[PDB]
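Visitor: Structure below; questions to follow.
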2 protein chains.
Amino acid sequence: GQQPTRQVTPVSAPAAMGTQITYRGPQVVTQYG
Amino acid sequence: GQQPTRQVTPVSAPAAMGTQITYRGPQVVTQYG
């Protein structure tokens, strides 16, 4: 029939959010110029 | 007839010998490993 009347979006929050980060190394290159 | 008896080589020395050197820049590159 018709379109929706609303828009529902499930939301949630964890006990804690974060990020692990492993360093791969700097990148350096000499070029023309 | 036969082969040579000696071997002559012209030798010479300038008033001064040397070298001019222009620096082009260091070369650095990161690679696998």
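Residue names in the structure tokens use chain letters A, B, ... in the order shown, residue numbers from 1 in each chain, and ligand numbers from 1 in the order shown.
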Using only C-alpha atoms, find each residue in chain A having at least one atom no more than 6 Å away from chain B; report its shortest atom-to-atom pair and that distance in Å (one decimal), rows by chain then rising number, as JSON lines.
Guide:
{"residue": "A:27", "atom": "CA", "partner": "B:30", "partner_atom": "CA", "distance": 5.8}
{"residue": "A:28", "atom": "CA", "partner": "B:29", "partner_atom": "CA", "distance": 5.6}
{"residue": "A:29", "atom": "CA", "partner": "B:29", "partner_atom": "CA", "distance": 4.4}
{"residue": "A:30", "atom": "CA", "partner": "B:28", "partner_atom": "CA", "distance": 5.6}
Visitor: Let me see the file: selected residues, N, CA and C atoms, as a compact mmCIF listing (two decimals), in the first residue's frame.
Guide:
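Result written to part02.txt:
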# COMPACT_ATOMS: atom_id res chain seq x y z
N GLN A 27 57.80 4.59 5.89
CA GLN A 27 58.00 4.36 4.47
C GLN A 27 58.72 5.55 3.86
N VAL A 28 59.91 5.31 3.32
CA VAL A 28 60.66 6.38 2.70
C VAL A 28 61.20 5.98 1.34
N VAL A 29 61.08 6.89 0.37
CA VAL A 29 61.55 6.63 -0.99
C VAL A 29 62.07 7.89 -1.65
N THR A 30 63.22 7.79 -2.32
CA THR A 30 63.80 8.92 -3.03
C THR A 30 63.23 8.86 -4.45
Visitor: In Å to one decimal, how far is atom CA of residue A:33 from atom CA of residue B:33?
Guide: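 Atom CA of residue B:33 sits 27.0 Å away from atom CA of residue A:33.
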